[PDB]
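Residue numbers (the deposited numbering): 25 to 62, 76 to 435.
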């Protein structure tokens, strides 16, 4: 009844609460300046990270035209865990530009100089930039480009006197309730309006933008809601297979079910919408045995995945979830480093024995311990995005 409402209220607030906690534990307690650039991680790209704050005024992210063929992406998400911008080579090619992020309610004209304007519903937005680098010397090229990326407030951009940056007083996650954290974030922007359909339902629970006064009953419902809410999320998690329902924009997920949207944060917070990047993980061989380089040699043979940009498969150790040391310092293979057989099949051979393989582009080193492989798809088609496409099997070699 009210317990049911409280559960749904918490599930709606979950994505916002976890985004806040993440922001607090990173930017707040490490005192990261805003509007400035600061396992199982990519062996595919270099990165730039930061947090934009458009409360006082808009902010412009500058991206230089890039060199032909190099993958790059500027990805931003709001505090409700919605991707609100994904500018990249996939859809722009080499064309960079001046990208302005403004609060949804910001009144004002746009400089002729600005390429695109992104209206954001939270004043704080997480920014992540990725620039492809396929080898150490090529990385030096990409680095010369990343150095040109810039973040400037509109006033700074125009060389004008601007408003003083907003100074916030942040609720401590260790001693506050989820109601105060969520209401705090909701207040800092236009989220109240963008989430009206949800907020109209959970008002009696105490979820409301800027609300700090609560009744005993609301505090009680909040505790019960978080408990049942989390239980529900844990139980629902393993049943999720379609990434398109978990990671997206307000246009595609704004009205989607909250528990499913919430799994986006639960399973892979800050993840890119599948159309930009999808992934697959394999921990076992084709017969159900754990992948382990100390016990076998493996082989993977498959047709090229349907991607518009590129793909890759990377090796990680199960123990530290990090790439594993090997003499070739080779941790991944992909279409940029291999060529398909006369019949267009790619064949990856894996072993801990890397003697005489430096001249083998299809050879992928694997550690003398349990390992897993992560396949990444950039510009994947629907089948890959939805979870339908299955990762090629890795078989033990005699």
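Note that the Cβ used here is the ideal one computed from N, Cα and C, for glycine as well.
For residue 318, the uninterrupted beta strand (DSSP E) segment begins and ends at 315–319.
A check of alpha carbon separations from residue 98 across 278, 194, 35, 181 identifies 194 as the nearest. In the DSSP assignment, residue 226 forms a beta bridge with 159. Restricting attention to 419, 379, 308, 416, the CA atom closest to the CA of residue 77 is found in 308. Here residue 202 really is in contact with residue 90; their C-beta atoms are around 7 Å apart, less than 8 Å. Your pair residue 83 and residue 180 checks out as a contact, with CB atoms roughly 7 Å apart and the cut at 8 Å. Nearest C-alpha to residue 319 among 310, 298, 303, 355: 355.
A residue is called buried when at least 16 other Cβ atoms come within 10 angstroms of its Cβ; residue 225 meets this threshold and is buried. Taking residue 417 as the centre and dropping the five residues before and after it, the same chain places the C-beta of 315, 344 closer than 6 Å to its C-beta, in chain order. When rounded, the separation of the alpha-carbon atoms in residue 412 and residue 349 is 5 Å.
Leaving aside the five residues that flank residue 38 on each side, the residues in its chain whose CB is nearer than 6 Å to its CB run, in chain order, 299.
It is roughly 38 Å from the alpha-carbon of residue 326 to the alpha-carbon of residue 286. Assigned with DSSP and collapsed to three states, residue 206 falls in coil, not helix or strand. Leaving aside the five residues that flank residue 153 on each side, the residues in its chain whose CB is nearer than 6 Å to its CB run, in chain order, 136. Counting along the chain, the unbroken alpha helix (DSSP H) around residue 295 starts and ends at 295–305. Secondary structure at residue 347: strand, using DSSP grouped into helix, strand and coil. With a cutoff of 7 Å on beta-carbon distance, residue 351 and residue 369 are scored as near each other. Counting the other CB atoms within 10 Å of its CB gives residue 230 a total below 16, which places it among the exposed residues. Listed as beta-bridge partners of residue 340 by DSSP are 382. CA-to-CA, the gap between residue 26 and residue 425 works out to about 38 Å.
Leaving aside the five residues that flank residue 394 on each side, the residues in its chain whose CB is nearer than 6 Å to its CB run, in chain order, 400. In the structure shown, residue 181 adopts helical secondary structure according to DSSP, grouped into three states. DSSP places residue 220 within a helical segment (H, G or I) once states are collapsed to three. Taking each of 95, 156, 169, 283 in turn and checking the Cα distance to residue 126, the smallest one comes out for 169. Going by DSSP, residue 194 is part of the alpha helix (DSSP H) stretching over 191–195. Residue 61 has its alpha-carbon roughly 26 Å from the corresponding atom of residue 346. Look at residue 187 here: in three-state DSSP terms it is strand.
Per the coordinates, the alpha-carbon of residue 133 lies some 42 Å from the alpha-carbon of residue 407. DSSP places residue 26 inside the alpha helix (DSSP H), whose first and last residues are 26–47. By the beta-carbon neighbour count (other beta carbons within 10 angstroms, threshold 16), residue 358 is exposed.
Bridge partners of residue 432 according to DSSP: 336. Between residue 113 and residue 122, the CB-CB gap stays under 7 Å.
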